[PDB]
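Comments concern the structure below.
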Amino acid sequence: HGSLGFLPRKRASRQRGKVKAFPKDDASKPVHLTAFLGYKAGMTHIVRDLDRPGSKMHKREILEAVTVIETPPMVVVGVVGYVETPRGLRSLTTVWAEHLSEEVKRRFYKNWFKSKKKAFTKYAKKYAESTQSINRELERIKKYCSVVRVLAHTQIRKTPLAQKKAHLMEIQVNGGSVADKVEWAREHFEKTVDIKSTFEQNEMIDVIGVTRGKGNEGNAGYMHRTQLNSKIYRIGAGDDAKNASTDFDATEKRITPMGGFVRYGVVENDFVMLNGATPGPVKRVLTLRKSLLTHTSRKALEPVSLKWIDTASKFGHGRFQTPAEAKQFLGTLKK
Amino acid sequence: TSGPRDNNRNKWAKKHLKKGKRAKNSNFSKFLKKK
Amino acid sequence: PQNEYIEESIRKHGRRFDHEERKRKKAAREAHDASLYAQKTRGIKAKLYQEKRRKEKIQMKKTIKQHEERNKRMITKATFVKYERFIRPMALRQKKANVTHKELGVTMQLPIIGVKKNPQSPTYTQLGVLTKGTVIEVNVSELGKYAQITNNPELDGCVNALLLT
Amino acid sequence: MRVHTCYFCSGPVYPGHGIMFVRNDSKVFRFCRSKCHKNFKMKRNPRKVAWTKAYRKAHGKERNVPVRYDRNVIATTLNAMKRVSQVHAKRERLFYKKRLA
Amino acid sequence: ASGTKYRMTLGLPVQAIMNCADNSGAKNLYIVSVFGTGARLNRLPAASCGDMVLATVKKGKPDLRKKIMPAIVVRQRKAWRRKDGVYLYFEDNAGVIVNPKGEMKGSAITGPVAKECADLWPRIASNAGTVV
Amino acid sequence: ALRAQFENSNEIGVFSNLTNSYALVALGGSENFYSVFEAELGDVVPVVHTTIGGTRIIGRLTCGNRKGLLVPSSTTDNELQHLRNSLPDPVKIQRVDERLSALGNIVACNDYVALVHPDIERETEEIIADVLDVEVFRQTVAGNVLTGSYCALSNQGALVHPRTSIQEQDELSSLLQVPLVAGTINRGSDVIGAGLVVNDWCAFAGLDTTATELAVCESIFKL
Amino acid sequence: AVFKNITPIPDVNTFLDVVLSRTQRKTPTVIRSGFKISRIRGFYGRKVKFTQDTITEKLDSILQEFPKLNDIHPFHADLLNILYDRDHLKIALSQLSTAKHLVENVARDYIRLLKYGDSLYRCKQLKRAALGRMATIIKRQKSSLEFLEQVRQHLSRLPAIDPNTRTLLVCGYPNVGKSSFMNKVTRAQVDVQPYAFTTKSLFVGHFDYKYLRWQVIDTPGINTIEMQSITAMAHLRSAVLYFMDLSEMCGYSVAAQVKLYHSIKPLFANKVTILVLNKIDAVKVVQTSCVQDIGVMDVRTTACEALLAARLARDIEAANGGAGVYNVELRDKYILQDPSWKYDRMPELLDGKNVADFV
RNA sequence: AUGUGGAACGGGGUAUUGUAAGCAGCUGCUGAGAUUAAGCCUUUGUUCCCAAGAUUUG
RNA sequence: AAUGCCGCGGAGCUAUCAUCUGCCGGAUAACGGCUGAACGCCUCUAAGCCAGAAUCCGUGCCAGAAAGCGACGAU
RNA sequence: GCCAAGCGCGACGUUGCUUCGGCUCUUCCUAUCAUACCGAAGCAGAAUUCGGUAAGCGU
RNA sequence: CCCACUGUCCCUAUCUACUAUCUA
RNA sequence: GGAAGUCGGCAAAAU
């Protein structure tokens, strides 16, 4: 058999990979976030210069397989205050935003269509009527609670996914005093937080998610897993047309490979490219978290400058990055 | 070879936290924070 | 290097700065070390320290005392070589016996000429089985005389006997 | 970074893609895919193989000296590359129209 | 040897007859054991390009046969992926008859030489004819 | 004669190539070897720490003289651009597509006369004559096709294998129009070119080269 | 002999404890009466065999470590005999070999006797009997271990002389300046003391001259030290460097030194002899002022001739980040005219075409 | 439980195979034709469907 | 034509035949010490205190009490 | 046998002489082969030898 | 014994039918 | 790769 630290080998009790540990809080650092939620689209292979001192491929180039995760900006819909107790952390109270998008309202219902859409109705009414209760609760969190987690949901509509329920979750707000975290959450109420503001493509992060099920084996598969030290290679912007165009390559193109991502679609929003494989198949939600413990060796610290990113047809033996140059080489078709 | 729980290795990890780490990561968080 | 090279190094460079003090501290604290040792250790090594320390006290007490006066069917036992119904192993059989003279007090390895009588059994005497208390004749020309076996050859592994003289 | 041309299909071969094969004569064959690698293996002549560029070339159907770096030269080369490709595309379209006629 | 060597696809296990590429007169080389193998249960030791193993001269001159002595693999039949991403496979499995110090016993080498093997062993690169 | 060893190898000629106008050192290894080379020739001729074909065998792979240099066809486009940028404009750099890419191990060339391998291509010989501007002779050294690896050639002298005949050594010396000595370097290492590199005014030998070998090289090169 | 490479020789008591502890720790030590008689016999036999193997292995290692006097070089054998009584050492080695043979014979006899064991007590008694006999034999061979250990310490401390190569033997009157000349010529620093025979043992030092390696060997002033010096000079392809006190500042008269040289001429025959007139300021005759330290180099060169006739980027990298952590940039070391162009990157391939290869 | 809704087809993209039937004098129409979700992508294309039954729940 | 035979063959599965990743704190043993009595000296030990092993206990990772629990939304 | 603190024995010392049998597998013990750390040794360095803690991890 | 051959093995992987399973 | 498997070319493919 395998390692005894992973048994009992049973199905994960959650579709979305839940964070089990957040980086330790620091008052010296100002107020920011630590985790983000994305959707796996697939991976390609890229050619990257190797600036690895002491290595035998120093000042050379290697080919690396890199997973692409679409990460549309996340909407902060609430905040949760946690108070330390002799029996552990306890959720003291929760404050939600006044207006919640249908994407996050669909989470509370198994049948949103048959529902009367009554979620947060009186909550929105009391929010508009009197703000003294909201002020009392926020003052309660900043005075008593020691850990602050913002409720954020993903804009699943932008992703080419048939699912319309947003994966609501909590992001621990590490940095500054408790009042600073509360002020940060209130300012960011109803707004959007971007992965460009959270991660910046040169740090060492961990990816967590549920693996894909292999059926029945002599149970094997569909288990919660935590990959450590997955390096971000590029946080590409969806709007920019140079997202998949490096400086050594030009050739204006998009990260979505020609022919589309297999069983996922076309990536149009901000995407994240991580070195190596990540758990879960395509179209499954993955969670990203910062480094709990600081460890930047040369591999985790060296800068990265991509040279060429493959966008060939992953469906089948693709042999052309873009239909433009495909038509330039291939003879003119009958159509 | 020594394992990852080597007491000296933990000591050297602590020493290198304030040498090739820490400060360059704190301001790195600050930059995307003010963003 | 050549010959006593640290003796050259000690001469031209000197000794360790605190060696004399450390050796003094080690000697001074040895009494606490030994007492601690006598209580913590267990098992074979403890029993060795027990026997070694008991011996050291005995000699030390004597040295002080010397100070003041100055101021199947087979034979299962070792034997010597129808009537031979049983089987006598060749390895078990012995031909030379270490006989210690009484008056002389010297052990001499003499050949086993024969077995006089085995008090355990006449058949053992007939079979020539070397056992405790058995009388055996050995050559005494270099010193034939009889002798009684005062040991157990089956266990000691040697035919150790004392001369009947 | 050189995007090579396959021996058999004569198409563009990119890093990671295809297979590389070295002969005892120290001659190197690059294959754009397994199909073209296999097609070399039983030794089909590209010019007889219908979908190869060599067939489409010979059937009527269609710098070793280093240069010092110069920003102006690189910009001029990049600008001229698009125009050259556009001219080639127009010539190919006219050739296709002539072939159809 | 000199320098590190990357993980490589293993395709020359024990009990393998393998071509001799040097001019010493040997024709066939017989793999007996692989240097630097781990304690892996029921795993046959294997060799790859640039790896030096114990080999015996099966066909050659009488004096080089019957000696369990090192040989470096220079060509490999099984396809391997180099870290640059390209895949290489050679027609045959060629080897060079080498002393345990790492010096070419022969004076000339026939056939192409793997670039990793020329890089790993400086003497092999010195006596190599072509390294492609 | 300077004693140096790249990494833990005495075959300095494998990891580096020396000419009368420029020097090349391996990339990705230890900077000590490059510093040692720069300490003796950095202020005289340029030294480029580059690699050919992604390997540290550039010394035995690249062959050339003070006028021009040749690199194997396996050299990358970026590598060729880096070499041209580092090397002076008067130092011509040309790529050679030959069946034997080991130019340094097949051909030994001086500033005036060059000896190539017997099986060199006519196009390669024409390119060598055009670039190096030297007379190319198709011969062999000590009966071995690897003339560039078994023989060391320079402007003031040459070194060959000690097993060569006296008449053969005299014929080679007359053909090369320079003195020739049949000896060994690095304590019997028969690959003189791999074990030692000699320029017009200086020579570099491995750390394992004997005192007698160093004295013989100094007498032959008159340095 | 001079190769040393011999492990330390423990005392008799320490060796016995080491052997017994090794047998106890390695062999199993749990044998109950419930096991079969064959199992009990096998357990006792295994313990006896393991003890016999351990004793035999240690004895064999001790025997093999000591070099054979006959197989050593004549100079090495003579020095060993003069310094450590080679006859006694050979006797001790023979006694140890005989003891090892007796131990093996005793173990074989005990193993055969225990093969037909009867019960647990008989096996236990037999197992004890074999161990005690082995311990008695080990304890009996007590003084031999101490003598061997002292010889090993002396042999390890002894120099590794190389008479085969060119050598220069400096022998003569004590403190005649030959030792000072040898110390100056060679890297070795031989101690010099006012007391006679300060250099009790020979000192060998390598030197380089005219691209040749010369082994300068000093000898005690001319006793055991004198006998060792004579033995070394008797069989050694070396040039004599006898020094005579010209000023008689060494306590030996010129006539006495000449008489000693004439007497020792039989050993100096068939060799290049040098007569060093020491303390000149205070057989080839060379004047070397011992007090003024003048002419020592000339004398050494003359003796060598007679013997021959008879026969930075790295600093910047270390300061910046150190080796293996500092990324060397080749962009700076470029001959591009524009510094901005050299530091800036260019597109290698674009739109399916290699821009670098098409520009 | 009426929507960037769903499903049936269809178009386009993309892929696999290797130039289709048929016509004319091996060549041309023909890298055409066929297949393409059955666990590929996309759809201002066409048609159809749904604003329900039963159960349980303070 | 029971999948007659042959070549290629997506998709899927799969391969140390392909690729990624594999963590930090203290407390100790052996042992080395500091202060320091017992015992007017001394002493790593008695009260005390450091340094110190791949050991130990945590962190991290997996499971979540299906009779442990909190906050929140609607009614 | 000689002593022999002592209580005729008499310890430590001293004299002699010489059917079973083995593959896989699971864990477990340490009486530790390797890995980690210490102590000692004429232990210069390197390579060792002996002895401790030590079953985490292999064998 | 030599040569050839092969999933016996390194080291297993994939496909097909039947079985196996559930329903009346 | 080619019997390295197993006490062993047992079964397959080769012919």
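In the structure tokens, chains take the letters A, B, ... in the order shown, each chain's residues start at 1, and ligands count up from 1 in the order shown.
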For this session: Assign secondary structure with DSSP using the backbone only, and return the residues of region 143-238 of chain G in strand (DSSP E or B) as a ChimeraX atom specification.
Result: /G:167-170,172,203-208,213-218,238
Near chain L, 10 Å: chain K residue rows, closest pairs, only C-alpha atoms (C1' of nucleotides), as JSON lines:
{"residue": "K:4", "atom": "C1'", "partner": "L:14", "partner_atom": "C1'", "distance": 7.2}
{"residue": "K:5", "atom": "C1'", "partner": "L:14", "partner_atom": "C1'", "distance": 4.3}
{"residue": "K:6", "atom": "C1'", "partner": "L:13", "partner_atom": "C1'", "distance": 4.8}
{"residue": "K:7", "atom": "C1'", "partner": "L:12", "partner_atom": "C1'", "distance": 9.8}
{"residue": "K:8", "atom": "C1'", "partner": "L:5", "partner_atom": "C1'", "distance": 5.4}
{"residue": "K:9", "atom": "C1'", "partner": "L:5", "partner_atom": "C1'", "distance": 4.4}
{"residue": "K:10", "atom": "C1'", "partner": "L:4", "partner_atom": "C1'", "distance": 7.9}
Problem set entry | Every residue of region 2-52 of chain C that DSSP places in alpha helix (DSSP H), as number ranges by chain | C: 5-13, 19-28, 30-40, 44-52
For this session: Determine, counting only C-alpha atoms (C1' of nucleotides), which protein, DNA and RNA residues have an atom within 12 Å of an atom of region 5-7 of chain H; residues of the same chain fewer than 4 positions away are not included. Present the result as a PyMOL selection string.
Result: (chain A and resi 113+162+164) or (chain H and resi 1+47-50)
Problem set entry | Spatial neighbours of residue 5 (chain C), max dist 9 Å, only C-alpha atoms (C1' of nucleotides), sep filter under 3 positions, as a PyMOL selection string | (chain C and resi 1-2+8-10) or (chain G and resi 157) or (chain J and resi 42+44)
Problem set entry | Non-local contacts of region 12-25 of chain E (9 Å; only C-alpha atoms (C1' of nucleotides); under 6 positions in same chain excluded) as number ranges by chain | E: 31-34, 44-48, 57-61, 64, 73-74, 76-78, 92-97, 104-111; K: 10; L: 1-2, 4
For this session: Select residues of chain G: the criterion is any atom within 10 Å of an atom of chain A, counting only C-alpha atoms; output as a ChimeraX atom specification.
Result: /G:323-330,345-355
Using only N, CA and C atoms, please write the residues we just selected to a file, as a PDB file, in the first residue's frame.
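What ended up in part.pdb:
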ATOM      1  N   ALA G 323      29.765  31.877  -4.868  1.00  0.00           N
ATOM      2  CA  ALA G 323      29.628  30.851  -5.892  1.00  0.00           C
ATOM      3  C   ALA G 323      28.317  30.092  -5.729  1.00  0.00           C
ATOM      4  N   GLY G 324      27.646  29.847  -6.852  1.00  0.00           N
ATOM      5  CA  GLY G 324      26.400  29.111  -6.860  1.00  0.00           C
ATOM      6  C   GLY G 324      25.168  29.915  -6.510  1.00  0.00           C
ATOM      7  N   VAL G 325      25.308  31.210  -6.233  1.00  0.00           N
ATOM      8  CA  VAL G 325      24.168  32.046  -5.871  1.00  0.00           C
ATOM      9  C   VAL G 325      24.156  33.309  -6.722  1.00  0.00           C
ATOM     10  N   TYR G 326      25.289  33.624  -7.344  1.00  0.00           N
ATOM     11  CA  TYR G 326      25.437  34.836  -8.140  1.00  0.00           C
ATOM     12  C   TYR G 326      25.240  34.498  -9.612  1.00  0.00           C
ATOM     13  N   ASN G 327      24.294  35.182 -10.253  1.00  0.00           N
ATOM     14  CA  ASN G 327      23.987  34.960 -11.662  1.00  0.00           C
ATOM     15  C   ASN G 327      24.879  35.862 -12.508  1.00  0.00           C
ATOM     16  N   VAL G 328      25.804  35.255 -13.246  1.00  0.00           N
ATOM     17  CA  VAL G 328      26.689  36.004 -14.131  1.00  0.00           C
ATOM     18  C   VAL G 328      25.924  36.374 -15.394  1.00  0.00           C
ATOM     19  N   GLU G 329      25.934  37.659 -15.734  1.00  0.00           N
ATOM     20  CA  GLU G 329      25.202  38.173 -16.886  1.00  0.00           C
ATOM     21  C   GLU G 329      26.167  38.371 -18.049  1.00  0.00           C
ATOM     22  N   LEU G 330      25.914  37.669 -19.153  1.00  0.00           N
ATOM     23  CA  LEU G 330      26.728  37.813 -20.354  1.00  0.00           C
ATOM     24  C   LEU G 330      26.331  39.016 -21.197  1.00  0.00           C
ATOM     25  N   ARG G 345      16.325  43.047 -24.877  1.00  0.00           N
ATOM     26  CA  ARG G 345      16.111  41.774 -25.547  1.00  0.00           C
ATOM     27  C   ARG G 345      15.490  41.988 -26.925  1.00  0.00           C
ATOM     28  N   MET G 346      15.568  40.950 -27.751  1.00  0.00           N
ATOM     29  CA  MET G 346      15.025  40.972 -29.098  1.00  0.00           C
ATOM     30  C   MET G 346      14.177  39.733 -29.338  1.00  0.00           C
ATOM     31  N   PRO G 347      13.181  39.824 -30.225  1.00  0.00           N
ATOM     32  CA  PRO G 347      12.309  38.670 -30.492  1.00  0.00           C
ATOM     33  C   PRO G 347      13.024  37.640 -31.355  1.00  0.00           C
ATOM     34  N   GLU G 348      13.150  36.419 -30.834  1.00  0.00           N
ATOM     35  CA  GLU G 348      13.833  35.363 -31.574  1.00  0.00           C
ATOM     36  C   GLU G 348      12.986  34.872 -32.742  1.00  0.00           C
ATOM     37  N   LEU G 349      11.695  34.645 -32.507  1.00  0.00           N
ATOM     38  CA  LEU G 349      10.792  34.147 -33.537  1.00  0.00           C
ATOM     39  C   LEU G 349       9.419  34.769 -33.343  1.00  0.00           C
ATOM     40  N   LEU G 350       8.816  35.227 -34.438  1.00  0.00           N
ATOM     41  CA  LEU G 350       7.510  35.867 -34.389  1.00  0.00           C
ATOM     42  C   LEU G 350       6.713  35.515 -35.636  1.00  0.00           C
ATOM     43  N   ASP G 351       5.397  35.363 -35.460  1.00  0.00           N
ATOM     44  CA  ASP G 351       4.467  35.077 -36.555  1.00  0.00           C
ATOM     45  C   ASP G 351       4.863  33.824 -37.330  1.00  0.00           C
ATOM     46  N   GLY G 352       5.428  32.838 -36.638  1.00  0.00           N
ATOM     47  CA  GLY G 352       5.859  31.617 -37.284  1.00  0.00           C
ATOM     48  C   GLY G 352       7.186  31.703 -37.999  1.00  0.00           C
ATOM     49  N   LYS G 353       7.870  32.841 -37.927  1.00  0.00           N
ATOM     50  CA  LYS G 353       9.150  33.040 -38.587  1.00  0.00           C
ATOM     51  C   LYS G 353      10.191  33.479 -37.568  1.00  0.00           C
ATOM     52  N   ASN G 354      11.390  32.915 -37.678  1.00  0.00           N
ATOM     53  CA  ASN G 354      12.496  33.268 -36.790  1.00  0.00           C
ATOM     54  C   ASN G 354      13.026  34.638 -37.193  1.00  0.00           C
ATOM     55  N   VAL G 355      12.710  35.656 -36.387  1.00  0.00           N
ATOM     56  CA  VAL G 355      13.144  37.016 -36.695  1.00  0.00           C
ATOM     57  C   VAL G 355      14.664  37.105 -36.694  1.00  0.00           C
TER      58      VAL G 355
END
For this session: Using only C-alpha atoms (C1' of nucleotides), determine which residues lie at most 12 Å from region 36-44 of chain F, disregarding the query and same-chain residues fewer than 6 positions distant; provide the list as number ranges by chain.
Result: F: 1-6, 12, 16-26, 30, 197-205; G: 312-315, 333
For this session: Identify every residue of chain D that has at least one atom within 7 Å of any atom of chain A, counting only C-alpha atoms, and report the result as an MDAnalysis selection string.
Result: chainID D and resid 16 89 93 96
Can you write out as a Markdown table which residues of region 67-117 of chain E fall within 12 Å of region 10-18 of chain I, alongside each residue's closest atom pair and its distance in Å to one decimal, counting only C-alpha atoms (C1' of nucleotides) and ordering rows by chain and ascending residue number?
| residue | atom | partner | partner_atom | distance |
| --- | --- | --- | --- | --- |
| E:78 | CA | I:17 | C1' | 8.5 |
| E:79 | CA | I:17 | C1' | 8.4 |
| E:80 | CA | I:17 | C1' | 8.6 |
| E:81 | CA | I:18 | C1' | 8.5 |
| E:82 | CA | I:18 | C1' | 11.6 |
| E:85 | CA | I:18 | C1' | 11.2 |
| E:87 | CA | I:18 | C1' | 11.1 |
For the selection you just gave me, I'd like the residues written to a file as an mmCIF file, in the first residue's frame, keeping C-alpha atoms.
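Listing of result.cif after writing:
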data_model
loop_
_atom_site.group_PDB
_atom_site.id
_atom_site.type_symbol
_atom_site.label_atom_id
_atom_site.label_comp_id
_atom_site.auth_asym_id
_atom_site.auth_seq_id
_atom_site.Cartn_x
_atom_site.Cartn_y
_atom_site.Cartn_z
ATOM 1 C CA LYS E 78 14.626 3.535 -26.681
ATOM 2 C CA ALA E 79 13.346 7.074 -27.136
ATOM 3 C CA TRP E 80 14.067 9.512 -24.308
ATOM 4 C CA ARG E 81 12.932 13.051 -23.539
ATOM 5 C CA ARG E 82 15.737 15.519 -22.939
ATOM 6 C CA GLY E 85 11.681 18.890 -24.606
ATOM 7 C CA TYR E 87 12.637 13.303 -28.064
#
Exercise. What lies within 8 Å of residue 134 (chain C) using only C-alpha atoms (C1' of nucleotides), ignoring chain neighbours under 2 positions off, as a ChimeraX atom specification?
Worked result: /C:115-120,130-132,136,148-149
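Candidate residues D:85, D:45, D:24, D:79 were compared for distance to chain E, and the nearest is D:24, using only C-alpha atoms.
Those residues of chain E that fall within 9 Å of chain F when using only C-alpha atoms read residues 2, 3, 107, 108, 112, 115, 116, 118, 119, 120, 122, 123, 125, 126, 127, 128, 129, 130, 131 and 132 of chain E.
Coordinates place CA of residue 127 (chain A) at a distance of 18.4 Å from CA of residue 81 (chain A).
With only C-alpha atoms (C1' of nucleotides) as the basis for measurement, A:207 is the residue among A:178, A:220, A:255, A:207 that approaches chain I most closely.
Our summary of the geometry notes that CA of residue 55 (chain D) is positioned 12.1 Å from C1' of residue 19 (chain H).
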